[PDB]
Amino acid sequence: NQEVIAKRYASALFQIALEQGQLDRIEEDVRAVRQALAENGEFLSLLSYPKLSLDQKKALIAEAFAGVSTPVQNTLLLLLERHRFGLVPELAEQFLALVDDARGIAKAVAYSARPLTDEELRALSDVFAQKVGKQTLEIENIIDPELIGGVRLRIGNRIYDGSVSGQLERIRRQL
Amino acid sequence: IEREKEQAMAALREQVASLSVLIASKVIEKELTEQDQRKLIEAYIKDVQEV
Amino acid sequence: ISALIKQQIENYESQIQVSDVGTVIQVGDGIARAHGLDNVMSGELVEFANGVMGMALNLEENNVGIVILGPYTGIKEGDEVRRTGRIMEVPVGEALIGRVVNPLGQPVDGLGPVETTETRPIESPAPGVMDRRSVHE
Amino acid sequence: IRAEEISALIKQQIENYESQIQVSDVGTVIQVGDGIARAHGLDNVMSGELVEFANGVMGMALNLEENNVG
């Protein structure tokens with residue numbers, strides 16, 4: 001139930017970021033806030049503590065997040081007043097997921113046994129960006145050597161496995 | 001016994017198939033990765049383009 | 001058996017394939033929820049990682065209620081659930097006659113495979129009102 | 001970038017209020033009613049534990065939920 005409530009907040013912040021026309025200053029700041037809240041987990045236990053009054057928690061956010069953008073600060077101060085500060089990293093991650101649909105960029109993860117050169121990465125990125133419909137495509141490589149001399153590509157929830165799947169389909173079709 | 005016999009034969013192909021796949025992978029693994037990895041990427045990219 | 005295996009190895013051609021995968025989040029007493037699977041249909045065979053099948057009944061806003069069609073004790077949180085792409089169907093033909101079969105269409109008496117050519121979906125519409133005839137024989 | 005500065009600010013904010021995180025042995029009540037209390041705090045309670053309030057009225061901790069103690 002938590003992810004759809006994060007999605008509501010992220011879609012509201014996405015609509016106000018698309019309406020205000022300050023999209024990059026919102027996006028990089030929410031990325032920095034998500035990194036800072038993934039760095040330390042004791043800040044949620046600090047803001048869940050009952051003897052601190054709501055004005056002290058609001059001043060604590062306004063002091064600790066003094067450099068953030070104004071719609072992001074208003075969003076987090078609404079999240080504090082709703083007892084929803086335990087829901088902020090998921091909505092930050094879903095906000096960065098939804099802003100890349102506006103940019104058109106998709107994030108792909110490629111499991112390769114050998115580290116691939118950048119020219120083939122750019123070629124497959126342009127090819128599957130023309131296939132999937134993206135303007136450009138971001139490729140994240142891994143150094144897992146379990147693949148049999150190949151690369152398997154993950155485009156969201158639809159994967160392109162061609163490394164050990166040949167031998168797997170061979171021993172499946174043999175029996 | 002006749003049915004069973006067909007099953008014993010099938011089971012037998014299968015036990016052996018199982019061993020065969022594990023070695024085929026080990027021989028495959030043993031083969032080069034320099035030039036062959038360059039081919040596989042090139043080929044992978046070509047393949048995706050056909051698909 | 002070696003000649004048929006060599007003919008199958010010479011006939012088969014290697015290729016890449018899609019899966020339309022999703023990851024499990026809850027596994028409990030015969031039923032799994034899962035993220036992903038964004039183009040899954042209501043009521044289809046959805047295949048887990050260890051080969052156990054499962055039917056997708058509840059499609060919800062961010063998860064799929066997959067009902068596990070086998071032993072679920074090998075299924076954990078984080079397993080990959082790939083999409084087959086076909087509504088629930090049983091292999092139906094003349095070869096089923098005289099033979100004991102589980103509701104997924106697989107032979108359970110242990111006499112070999114069931115050799116049927118064409119399949120039929122399990123939930124198909126009934127014969128209509130004008131298609132009937134009064135019962136007389 | 002700015003994320004390291006924000007992390008340093010929130011770490012200094014945690015370290016400033018570190019004396020009020022005495023939470024590990026005491027608790028503050030959230031809900032009071034009908035012979036039931038929910039207390040935020042009390043990290044080291046046992047289940048079924050005898051628990052005294054500020055009045056000296058005794059209480060028993062039955063449900064040890066994730067963020068409160070019933």
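State all residues of the stretch C:52-93 that are part of a strand (DSSP E or B) and without any contact (Cβ under 8 Å) to a residue 24 or more places away in the chain; if no residue qualifies, say none.
Looking only at the stretch C:52-93, we keep the residues that are part of a strand (DSSP E or B), and these are C:53-59, C:64-68, C:80-87, C:89-91.
Within the stretch C:52-93, C:56, C:57, C:58, C:59 qualify.
Considering only residues that are more than 8 Å from chain C (Cβ to nearest Cβ) and of a type in the set (S, T, N, Q), look in the stretch A:143-175 and name the one that is farthest from the chain's Cα centre (by Cα).
Looking at the filtered set, the residue picked out is A:167.
Find all pairs meeting these conditions: Cβ atoms under 7 angstrom apart; at least six residues apart or on different chains; first residue within the stretch A:45-65 and surrounded by 13 or more Cβ atoms within 10 Å (Cβ to Cβ); second residue assigned to a loop (DSSP other than H, G, I, E, B) and hydrophobic (A, V, I, L, M, F, W, C).
No pair meets every condition.
Mind checking which residues of the stretch D:5-19 are facing another protein chain (nearest Cβ under 8 Å) and not hydroxyl-bearing (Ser, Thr, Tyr)? So that I can check it myself, show each step before the final result.
Narrowing the stretch D:5-19 to residues facing another protein chain (nearest Cβ under 8 Å): D:5-7, D:9-11, D:13-14, D:17.
The answer is D:5, D:6, D:9, D:10, D:11, D:13, D:14.
For the stretch C:94-107, name all the residues that are under 29 Å from residue C:21 (Cα atoms) and either in a loop (DSSP other than H, G, I, E, B) or of a type in the set (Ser, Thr, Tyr) (or both).
Across the stretch C:94-107, the qualifying residues are C:102, C:103, C:104, C:105, C:106.
From A:123, A:97, A:106, A:92, grab the single residue that is closer than 25 Å to residue A:19 by Cβ, of a type outside the set (D, E, K, R) and surrounded by fewer than 19 Cβ atoms within 10 Å (Cβ to Cβ). Lay out the reasoning, then the answer.
Numbers: A:123 fails: closer than 25 Å to residue A:19 by Cβ; A:106 fails: surrounded by fewer than 19 Cβ atoms within 10 Å (Cβ to Cβ); A:92 fails: surrounded by fewer than 19 Cβ atoms within 10 Å (Cβ to Cβ).
The match here is A:97.
What number of residues in the stretch A:30-43 are more than 8 Å from chain D (Cβ to nearest Cβ) and part of a loop (DSSP other than H, G, I, E, B)?
Here the count works out to 1.
Taking the stretch A:113-130 as the region of interest, how many residues are touching a helix residue (DSSP H, G or I) at 6+ places or on another chain (Cβ under 8 Å) and either among the aliphatic types (A, V, I, L, M) or not in a loop (DSSP other than H, G, I, E, B) (or both)?
So the answer is 7.
Does residue A:100 satisfy being without any contact (Cβ under 8 Å) to a residue 24 or more places away in the chain, under 28 Å from residue A:4 (Cβ atoms) and away from chain C (no Cβ under 11 Å)?
Values: without any contact (Cβ under 8 Å) to a residue 24 or more places away in the chain: yes; under 28 Å from residue A:4 (Cβ atoms): yes; away from chain C (no Cβ under 11 Å): yes.
The answer is yes for residue A:100.
Do the conditions hold for residue D:32, that is, is it over 20 Å from residue A:33 (Cα atoms), loosely packed, with under 11 Cβ neighbours inside 10 Å, aliphatic (A, V, I, L, M) and more than 7 Å from chain A (Cβ to nearest Cβ)? Quick ask: steps written out before the conclusion?
Details: over 20 Å from residue A:33 (Cα atoms): yes; loosely packed, with under 11 Cβ neighbours inside 10 Å: no; aliphatic (A, V, I, L, M): yes; more than 7 Å from chain A (Cβ to nearest Cβ): yes.
Here the answer is no, as residue D:32 does not meet what is asked.
Can you give me the number of residues within the stretch A:3-26 that are away from every other protein chain (no Cβ under 13 Å) and charged (D, E, K, R)?
Residues that pass the stated criteria total 2.
To keep it simple, each residue is scored yes or no on (1) touching a residue at least 12 places away in the same chain (Cβ under 8 Å); (2) assigned to a helix (DSSP H, G or I); (3) closer than 23 Å to residue A:172 by Cα.
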position: B:11; (1), (2), (3): no, yes, yes
position: B:16; (1), (2), (3): no, yes, yes
position: B:28; (1), (2), (3): no, yes, yes
position: B:32; (1), (2), (3): no, no, no
position: B:39; (1), (2), (3): no, yes, no
position: B:45; (1), (2), (3): no, yes, no
position: B:49; (1), (2), (3): no, yes, no
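For the stretch C:17-51, name all the residues that are in contact with a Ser or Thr (Cβ under 7 Å, 6 or more places away or on another chain) and assigned to a loop (DSSP other than H, G, I, E, B).
C:35, C:36
Given the criterion surrounded by fewer than 16 Cβ atoms within 10 Å (Cβ to Cβ), among the polar types (S, T, N, Q) and within 14 Å of chain A (Cβ to nearest Cβ), identify the matching residue among D:47, D:24. Break it down stepwise before answering.
Details: D:47 fails: within 14 Å of chain A (Cβ to nearest Cβ).
Result: D:24 is the single residue among D:47, D:24 that is surrounded by fewer than 16 Cβ atoms within 10 Å (Cβ to Cβ), among the polar types (S, T, N, Q) and within 14 Å of chain A (Cβ to nearest Cβ).
So residue A:27 clears everything in (1) assigned to a helix (DSSP H, G or I); (2) touching a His at 6+ places or on another chain (Cβ under 9 Å) except one condition, right? Which one?
Among (1) assigned to a helix (DSSP H, G or I); (2) touching a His at 6+ places or on another chain (Cβ under 9 Å), residue A:27 violates only (2).
Every residue, every condition in (1) within 8 Å of chain D (Cβ to nearest Cβ); (2) at positive phi; (3) part of a helix (DSSP H, G or I), yes or no:
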residue	(1), (2), (3)
A:45	yes, no, yes
A:51	yes, no, no
A:57	no, no, yes
A:60	yes, no, yes
A:63	yes, no, yes
A:79	no, no, yes
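I'd like to check something: does the stretch C:123-136 contain any residue that is assigned to a loop (DSSP other than H, G, I, E, B) and in contact with a strand residue (DSSP E or B) (Cβ under 7 Å, 6 or more places away or on another chain)?
We begin by selecting, within the stretch C:123-136, every residue assigned to a loop (DSSP other than H, G, I, E, B); these are C:123-136.
Filter once more, so that each one left must be in contact with a strand residue (DSSP E or B) (Cβ under 7 Å, 6 or more places away or on another chain): none.
No.
Could you list all residues from the stretch C:14-51 that are free of Cβ contacts under 8 Å to residues at least 40 places away in the same chain and among the charged types (D, E, K, R)?
Listed by number, the residues that qualify are C:33, C:38, C:47.
I'm checking my understanding of the structure. Among residues of the stretch A:66-77 that are within 13 Å of chain D (Cβ to nearest Cβ) and exposed (fewer than 13 other Cβ atoms within 10 Å of the Cβ), which one is nearest to residue D:18 (Cα to Cα)?
My answer is A:66.
Listed here are the residues, each with its yes/no results for (1) basic (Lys, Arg); (2) within 11 Å of chain A (Cβ to nearest Cβ).
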{"site": "B:7", "(1), (2)": "no, no"}
{"site": "B:13", "(1), (2)": "yes, yes"}
{"site": "B:18", "(1), (2)": "no, yes"}
{"site": "B:23", "(1), (2)": "no, no"}
{"site": "B:32", "(1), (2)": "no, yes"}
{"site": "B:36", "(1), (2)": "no, yes"}
{"site": "B:40", "(1), (2)": "no, yes"}
{"site": "B:45", "(1), (2)": "no, yes"}
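List the pairs whose first member sits in the stretch C:115-136 and is within 23 Å of residue C:55 (Cα to Cα), whose second member is basic (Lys, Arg), and whose Cβ atoms are under 9 Å apart, counting only residues at least 6 apart or on separate chains?
Sorted first by the residue in the stretch C:115-136, then by its partner, the pairs are C:119/C:86; C:121/C:86.
No Cβ is skipped: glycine too gets one built from the backbone with ideal geometry, and neighbour counts run over all protein chains shown. Bear in mind that the values in this text are calculations on the coordinates, not laboratory data.
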